[PDB]
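Protein chains in written order, with the numbering used here: chain A, 1 to 280; chain B, 281 to 539; chain C, 540 to 820; chain D, 821 to 988.
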Amino acid sequence: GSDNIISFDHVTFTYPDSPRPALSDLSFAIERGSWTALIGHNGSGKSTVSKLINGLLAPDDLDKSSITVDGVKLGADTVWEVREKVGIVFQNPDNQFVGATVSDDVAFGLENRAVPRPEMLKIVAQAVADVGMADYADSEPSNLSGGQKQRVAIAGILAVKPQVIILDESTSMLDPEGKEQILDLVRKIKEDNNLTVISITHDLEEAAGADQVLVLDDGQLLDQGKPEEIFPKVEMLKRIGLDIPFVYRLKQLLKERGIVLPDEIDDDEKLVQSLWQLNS
Amino acid sequence: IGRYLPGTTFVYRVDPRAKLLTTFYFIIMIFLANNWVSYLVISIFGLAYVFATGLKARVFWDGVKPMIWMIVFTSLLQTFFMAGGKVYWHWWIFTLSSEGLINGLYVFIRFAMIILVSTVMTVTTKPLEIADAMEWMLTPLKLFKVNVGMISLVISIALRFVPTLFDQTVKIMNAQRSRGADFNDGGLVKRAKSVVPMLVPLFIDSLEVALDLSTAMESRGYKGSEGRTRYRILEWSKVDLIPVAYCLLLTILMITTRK
Amino acid sequence: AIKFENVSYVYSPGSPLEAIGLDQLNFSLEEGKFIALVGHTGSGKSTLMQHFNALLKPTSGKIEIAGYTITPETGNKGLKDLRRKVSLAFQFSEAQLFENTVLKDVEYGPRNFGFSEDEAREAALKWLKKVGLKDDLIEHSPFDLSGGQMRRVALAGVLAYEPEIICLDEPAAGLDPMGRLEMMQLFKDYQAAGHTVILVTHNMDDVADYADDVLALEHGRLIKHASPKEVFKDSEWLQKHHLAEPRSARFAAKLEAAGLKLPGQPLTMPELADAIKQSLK
Amino acid sequence: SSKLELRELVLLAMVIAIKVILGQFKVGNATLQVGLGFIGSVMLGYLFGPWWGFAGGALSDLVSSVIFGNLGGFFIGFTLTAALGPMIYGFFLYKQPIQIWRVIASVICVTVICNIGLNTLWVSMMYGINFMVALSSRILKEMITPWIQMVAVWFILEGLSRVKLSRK
Ligand SMILES: Nc1ncnc2c1ncn2[C@@H]1O[C@H](COP(=O)(O)OP(=O)(O)NP(=O)(O)O)[C@@H](O)[C@H]1O
Ligand SMILES: Nc1ncnc2c1ncn2[C@@H]1O[C@H](COP(=O)(O)OP(=O)(O)NP(=O)(O)O)[C@@H](O)[C@H]1O
């Protein structure tokens with residue numbers, strides 16, 4: 001069914017300080033086995049969501065508050081058991097890295113769970129193998145590109161076999177080639193193990209390929225659901241603090257000079273074949 | 281920017297906690313004794329080990345170079361210990377003697393043999409191994425009042441973030457220089473007060489990684505030190521006997537000649 | 540008046556393991572035009588950045604910039620005045636800042652170049668508005684700010700003394716799209732204001748849409764120096780020396796391959812809109 | 821609990837890494853070098869207190885020892901002295917205000933008590949008197965440097981590092 005929901009609840013940091021830091025009532029949910037992006041301006045509260053789901057942070061009602069992830073209500077105890085169904089890949093690998101080799105870092109969580117080493121070895125090999133990091137497996141963090149550092153981050157969480165992979169702006173500053181691969185990595189990873197990928201990104205061109213997106217602004221969500229219906233929000237969406245993708249701006253910049261607009265229509269090959277049709 | 285390790289390609293340099301413990305044992309073997317022949321047996325053994333490695337001698341100079349002044353300063357000044365000593369004439373008190381200047385060759389060999397085994401350790405092995413070497417020296421004292429989980433953990437984190445703090449230091453250096461920061465230059469005050477723009481942004485960057493690392497740690501399931509397993513796992517293999525040979529063979533005869 | 544005369548660079552010289560940042564760079568750049576710098580990662584593009592403010596000096600050849608000339612010999616004597624002309628805001632400028640307030644931190648730059656207190660006070664606000672944030676927080680401490688504002692005041696502190704040549708590595712690398720087309724606007728507005736702009740970013744969307752010069756780099760070597768057209772047009776070329784087409788050039792090439800050939804030179808989206816009316820024409 | 825915890829502890833790991841790096845470099849002028857490792861020592865004092873301080877210096881010598889020389893070793897006891905410096909910085913500075921009486925009395929003692937006595941006691945490994953004279957030979961620095969150190973420490977500590985402690 002549905003994998004994760006956040007019911008009526010609110011949150012603050014650091015602890016309750018002055019003016020009103022928070023997300024909002026929220027009233028938000030996501031389906032099992034579906035890639036879902038979460039977008040908002042800088043300081044819209046996108047990080048908190050990931051740490052809330054994670055359990056590192058707690059909401060400020062606790063009566064009204066229900067965050068349940070695959071059948072656990074979060075809430076003080078049970079937090080390590082909800083922490084085993086979710087995993088998080090933070091942006092900027094350097095600070096998120098721990099351990100000597102890469103084969104050292106990706107078995108960290110594994111020894112957190114007191115897994116015997118003879119098994120630990122096998123898993124960790126397959127883990128780095130899965131992320132393509134195979135023969136860099138004795139190298140230390142400093143030698144690695146921040147891109148392939150974030151491959152080691154993946155193999156880190158891929159090792160403990162989570163049902164939800166959160167990407168928190170993991171792709172942020174990488175190569176174009178390097179940002180291409182990491183998503184195509186986790187996107188490969190997804191189909192294999194049948195997981196849920198919660199992406200967080202400022203890149204709107206890769207939000208178009210989400211199953212469901214949802215927008216968050218200043219405290220709260222405004223619109224949510226299938227990318228098809230969310231991106232057409234045009235003008236308001238611009239003032240909202242984020243922007244248009246390329247295909248949709250292509251739609252826009254076509255119409256600005258008058259040209260036809262059949263819409264949604266959100267793809268590449270579906271455009272390209274539609275392009276043959278419009279040429280007629 | 282690594283140091284030192286011309287450890288490339290030759291034989292040994294194996295089993296660090298064996299090797300480390302040896303150099304710790306050799307230190308205290310020198311410390312012990314004595315007037316004659318004891319100083320002979322440890323000095324020859326120390327020399328045996330350094331070319332057993334097959335190491336270029338030139339590297340040993342690197343460690344003694346700052347101390348050279350300190351050697352010959354204390355050595356000859358030990359001789360001229362105002363009487364003091366000892367056996368011969370030539371001449372005063374207050375002056376050289378055949379006994380006085382032998383003692384001054386002993387401080388030379390001890391200071392050498394300290395900075396030989398100290399060198400032979402700090403070069404032939406690798407830092408992450410040495411960290412697991414002196415984790416072993418800590419192993420016994422656990423059930424005394426010290427939690428070894430924590431003083432093992434902070435070392436591990438420290439080491440890893442030493443270079444990545446160094447590079448973010450020079451990034452701040454150059455980032456400030458580009459903005460017109462000039463240092464050192466100046467004199468006394470402001471030479472000085474010009475150091476803070478490289479410090480506090482280095483300090484606050486430490487918090488950013490402190491939070492991020494602790495955050496990313498807990499989320500991967502870090503409950504505490506108690507109740508884990510380990511990935512790394514050093515092993516003794518067959519060469520192990522060679523440092524125990526050095527250890528037990530030298531120092532039974534060194535102890536008999538001690539007195 | 541940027542000129543690089545057979546300029547290489549080698550790391551760790553007189554030492555074993557000398558890695559080469561730059562190999563025989565020869566090129567010259569227009570005064571007051573948007574000059575993009577791109578390559579794969581570990582190209583040596585950030586090395587090149589701190590070359591012409593002379594944080595590093597060439598190990599070969601000559602660099603004539605800002606009416607100075609930078610030899611392998613040139614010392615650390617007069618570089619002070621070289622840097623009021625040329626300026627760098629490194630990849631993360633948020634980590635560049637300090638003291639008790641925003642205002643005194645930006646003026647720190649001009650103050651170091653010998654601006655009067657009055658001059659530095661007015662020059663402070665002059666560029667703290669230009670970076671569009673904000674009336675009230677101008678007197679706030681720099682440390683409580685958001686990542687949007689933290690990488691502003693830094694970029695103000697670099698711009699406050701009005702560098703003639705400005706080179707910024709990945710200044711928008713962490714921002715949101717409201718930020719980019721905000722920050723990328725000021726770079727272009729400073730440009731037509733009569734100042735040179737070097738900008739180094741992987742982003743090929745704003746490299747085509749903004750930049751005039753692009754000079755690619757690979758393994759320390761200069762592979763191409765041109766308009767973002769000459770270099771961008773050859774498709775499989777960009778594969779060979781690892782680079783990538785912008786968003787427009789990617790989709791057009793595909794619709795073209797099976798489809799119609801428009802007259803572009805696609806670059807920015809407005810021109811793309813031009814190119815697809817001619818399709819029916 | 822024991823005292824501190826993760827995120828308190830990951831910080832302790834990042835501020836030792838400072839003082840192994842700091843103690844590597846010296847500034848310094850044509851007149852005198854006055855190497856700066858000491859800022860690392862004082863930080864561990866007033867933040868993490870006296871008793872974690874002692875645990876900081878002891879480890880900071882073990883940390884440097886792997887990536888650098890120790891100029892000898894191991895000793896053990898060099899580490900013992902590297903330890904005691906940050907500790908008595910902990911006193912006068914932890915759960916304590918910013919005051920001119922606390923800083924200078926602390927700087928002068930570090931040189932004389934631990935730096936002198938212990939450095940006067942470690943290359944000892946022999947009889948004591950040959951030792952004192954090698955250090956008696958070296959004293960000038962311990963006369964000059966502590967005084968520039970008190971000026972320097974006031975410019976770091978009250979000098980916006982402690983004022984920027986919070987927040988955060
Ligand atoms: N102590 C704190 N811990 C965490 N967040 C804090 C704290 N204090 C304030 N905040 C706010 O938390 C918000 C989280 O927003 P955030 O998700 O960081 O947006 P962002 O700029 O895109 N950075 P991020 O998404 O994490 O990569 C920010 O607006 C901060 O102002
Ligand atoms: N301190 C150093 N010593 C030796 N080689 C270095 C050093 N710093 C960098 N290099 C080398 O020089 C090149 C650095 O290129 P550089 O442009 O700085 O990185 P980049 O990722 O391509 N650009 P950027 O992302 O803006 O930092 C690489 O080939 C490095 O191996």
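Think of the CB as a built atom: it goes at the ideal place given N, C-alpha and C, for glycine as much as any other residue.
Item to check | DSSP beta-bridge partners of residue 4 of chain A | outcome: Reading the first sequence from its first residue, position 4 is the one you call residue 4 of chain A. Answer is A/30 and A/69, bridged to residue 4 of chain A.
Item to check | Coarse secondary structure for residue 151 of chain A, derived from DSSP in three states | outcome: Counted from its first residue, the first sequence places residue 151 of chain A at position 151. Reduced to three states, the DSSP call for residue 151 of chain A is helix.
Checklist entry - Buried or exposed: which applies to residue 191 of chain A, given that a residue is buried once 16 or more other Cβ atoms fall within 10 Å of its Cβ? => result Reading the first sequence from its first residue, position 191 is the one you call residue 191 of chain A. That one is exposed.
Item to check | chain C contact for residue 38 of chain A (CB, 7 Å cutoff) | outcome: For the purposes of this step, residue 38 of chain A is taken as the residue at position 38 of the first sequence. No, its Cβ sits nowhere closer than 7 Å to a Cβ of chain C.
Next on the checklist: So, under 8 Å CB-CB, residue 353 of chain B and residue 957 of chain D are touching, yes? Tell me the CB distance rounded to an integer number of Å.
Outcome noted: Start at 1 with the first residue of the second sequence, and residue 353 of chain B comes out as number 73. Start at 1 with the first residue of the fourth sequence, and residue 957 of chain D comes out as number 137. That belief holds up - the Cβ atoms of residue 353 of chain B and residue 957 of chain D are roughly 6 Å apart, short of 8 Å.
Next on the checklist: Our contact map puts residue 85 of chain A next to residue 163 of chain A with C-beta atoms below 8 Å; I'd like the distance itself, whole angstroms only.
Outcome noted: Here the question's residue 85 of chain A lines up with position 85 in the first sequence. Here the question's residue 163 of chain A lines up with position 163 in the first sequence. With a Cβ gap of about 5 Å, residue 85 of chain A and residue 163 of chain A count as contacting.
Checklist entry - Comparing the CB of residue 95 of chain A with every heavy atom of ligand 1, is any distance shorter than 6 Å? => result Taking the first sequence and counting its residues from 1, the one referred to as residue 95 of chain A is at position 95. Checking the Cβ of residue 95 of chain A against ligand 1 gives no.
Checklist entry - Using a C-beta to C-beta distance shorter than 9 Å, which residues of chain C count as neighbours of residue 980 of chain D? => result Against the fourth sequence, residue 980 of chain D aligns to sequence position 160. Neighbours of residue 980 of chain D on chain C, chain order: 637, 638 and 639.
Next on the checklist: Below 6 Å, is the gap between the Cβ of residue 354 of chain B and the nearest heavy atom of ligand 1?
Outcome noted: For this step, residue 354 of chain B is matched to residue 74 along the second sequence. For ligand 1, not one heavy atom lies less than 6 Å from the Cβ of residue 354 of chain B.
Checklist entry - So what does DSSP say about residue 323 of chain B, is it helix, strand or coil? => result For the purposes of this step, residue 323 of chain B is taken as residue 43 along the second sequence, with counting starting at 1. Of the three classes helix, strand and coil, the one that applies to residue 323 of chain B here is helix, per DSSP.
Item to check | residue 31 of chain A beta carbon less than 7 Å from that of residue 7 of chain A | outcome: Position 7 of the first sequence, counted from the start, is the residue given in the question as residue 7 of chain A. Position 31 of the first sequence, counted from the start, is the residue given in the question as residue 31 of chain A. In this structure, residue 31 of chain A does not lie closer than 7 Å to residue 7 of chain A by Cβ.
Checklist entry - Out of B/522, B/454, B/348 and B/386, which has the shortest C-alpha to C-alpha gap to residue 301 of chain B? => result The residue given as residue 301 of chain B occupies position 21 in the second sequence. Minimum Cα distance to residue 301 of chain B is reached at B/522.
Item to check | Pick from A/101, A/124 and A/98 that is closest to residue 110 of chain A, judged by C-alpha positions | outcome: Along the first sequence, read from residue 1 onward, the residue named residue 110 of chain A stands at position 110. Comparing Cα-Cα distances from residue 110 of chain A to each of A/101, A/124 and A/98, the minimum goes to A/124.
Checklist entry - By how many angstroms is the C-alpha of residue 72 of chain A removed from the C-alpha of residue 221 of chain A? => result To locate residue 221 of chain A, count along the first sequence from 1; it is residue 221. To locate residue 72 of chain A, count along the first sequence from 1; it is residue 72. Each residue's alpha carbon lies about 24 Å from the other.
Checklist entry - Would you say the stretch 597 to 613 of chain C touches the stretch 684 to 694 of chain C, given that touching needs at least three Cβ pairs under 8 Å? => result no
Checklist entry - Is residue 825 of chain C near ligand 1, going by C-beta to nearest heavy atom under 6 Å? => result No information on residue 825 of chain C is available, as it lies outside the stretch 540 to 820 that chain C covers here.
Checklist entry - Hey, which unbroken runs of the beta strand (DSSP E) at 3 residues or more fall wholly within the stretch 551 to 590 of chain C? => result 561 to 567 and 573 to 578
Checklist entry - With distances taken between CB atoms, is the gap from residue 673 of chain C to residue 603 of chain C smaller than 7 Å? => result Counted from its first residue, the third sequence places residue 673 of chain C at position 134. Counted from its first residue, the third sequence places residue 603 of chain C at position 64. In this structure, residue 603 of chain C does not lie closer than 7 Å to residue 673 of chain C by Cβ.
Checklist entry - Looking at residue 387 of chain B and residue 984 of chain D, is the spacing between their C-beta atoms short of 7 Å? => result One-based indexing of the fourth sequence puts residue 984 of chain D at position 164. One-based indexing of the second sequence puts residue 387 of chain B at position 107. Contact flag unset, no.
Item to check | Rounded C-alpha distance that separates residue 908 of chain D from residue 307 of chain B | outcome: Translated into the one-based positions of the fourth sequence, residue 908 of chain D becomes position 88. Translated into the one-based positions of the second sequence, residue 307 of chain B becomes position 27. Spanning the two alpha carbons is a distance of roughly 29 Å.
Checklist entry - With 16 as the cutoff for other CB atoms within 10 Å, does residue 102 of chain A come out buried or exposed? => result The count along the first sequence starts at 1 and reaches residue 102 of chain A at position 102. Classification of residue 102 of chain A: buried, given that the 10 Å Cβ count is 16 or more.
Checklist entry - Are the C-beta atoms of residue 411 of chain B and some chain D residue less than 7 Å apart? => result Working through the second sequence from its first residue, we reach residue 411 of chain B at position 131. Yes, its Cβ sits closer than 7 Å to a Cβ of chain D.
Checklist entry - What's the C-alpha gap between residue 585 of chain C and residue 721 of chain C? => result Here residue 585 of chain C corresponds to residue number 46 of the third sequence, with the count starting at 1. Here residue 721 of chain C corresponds to residue number 182 of the third sequence, with the count starting at 1. Straight-line Cα distance between these residues: approximately 24 Å.
Next on the checklist: Counting only C-beta atoms, is residue 45 of chain A closer than 7 Å to chain B at any point?
Outcome noted: Position 45 of the first sequence holds residue 45 of chain A. Taking Cβ atoms only, chain B never reaches closer than 7 Å to residue 45 of chain A, which makes this a no.
Item to check | Any non-hydrogen atom of ligand 4 closer than 6 Å to residue 251 of chain A Cβ | outcome: You won't find ligand 4 in this model; what it holds is ligand 1 and ligand 2.
Checklist entry - Per DSSP, residue 213 of chain A forms a beta bridge with which residues? => result Position 213 of the first sequence holds residue 213 of chain A. According to DSSP, which records beta bridges pairwise, residue 213 of chain A is partnered with A/37 and A/225.
Checklist entry - Is the Cβ of residue 353 of chain B closer than 7 Å to any Cβ of chain D? => result Stepping through the second sequence from its first residue, residue 353 of chain B is reached at position 73. Interface residue, yes.
Checklist entry - Any idea what DSSP makes of residue 873 of chain D, helix, strand or coil? => result Start at 1 with the first residue of the fourth sequence, and residue 873 of chain D comes out as number 53. In this structure, residue 873 of chain D counts as helix in the three-state DSSP scheme.
Checklist entry - Sorted by chain position, which residues of the same chain lie with C-beta nearer than 8 Å to residue 226 of chain B's C-beta, five sequence neighbours on each side aside? => result Residue coverage of chain B in this structure runs from 281 to 539, which leaves residue 226 of chain B outside it and unanswerable.
Checklist entry - Quick one: does the C-beta of residue 45 of chain A sit closer than 6 Å to a heavy atom of ligand 1? => result Numbered from 1 along the first sequence, position 45 holds the residue referred to as residue 45 of chain A. Residue 45 of chain A Cβ: within cutoff of ligand 1.
Item to check | Heavy atom of ligand 1 within 6 Å of residue 610 of chain C beta-carbon | outcome: Locating residue 610 of chain C in the third sequence gives position 71, where the first residue counts as 1. No; taking the cut-off as 6 Å, the Cβ of residue 610 of chain C has no heavy atom of ligand 1 nearer than that.
Checklist entry - Going by beta carbon distance, what residues of the same chain come within less than 7 Å of residue 437 of chain B, once the five residues before and after it are set aside? => result Start at 1 with the first residue of the second sequence, and residue 437 of chain B comes out as number 157. For residue 437 of chain B, where only same-chain residues beyond five positions count, there are no Cβ hits under 7 Å.
Checklist entry - What residues are listed by DSSP as bridge partners for residue 627 of chain C? => result If you number the third sequence from 1, residue 627 of chain C lands on position 88. Answer by DSSP bridge pairing, in chain order: C/706.
Checklist entry - Counting along the chain, where does the beta strand (DSSP E) carrying residue 90 of chain A start and finish? => result Along the first sequence, one-based indexing puts residue 90 of chain A at 90. First-last of the beta strand (DSSP E) with residue 90 of chain A: 86 to 90.
Next on the checklist: So for residue 545 of chain C, helix, strand or coil by DSSP?
Outcome noted: Here residue 545 of chain C is taken as the residue at index 6 of the third sequence, counted from 1. Residue state, collapsed to three classes: strand.
Checklist entry - Which residues of chain A have a Cβ atom closer than 8 Å to the Cβ of residue 713 of chain C, listed in chain order? => result Counting from 1 along the third sequence, the entry for residue 713 of chain C is found at position 174. 172 and 173, listed in chain order.
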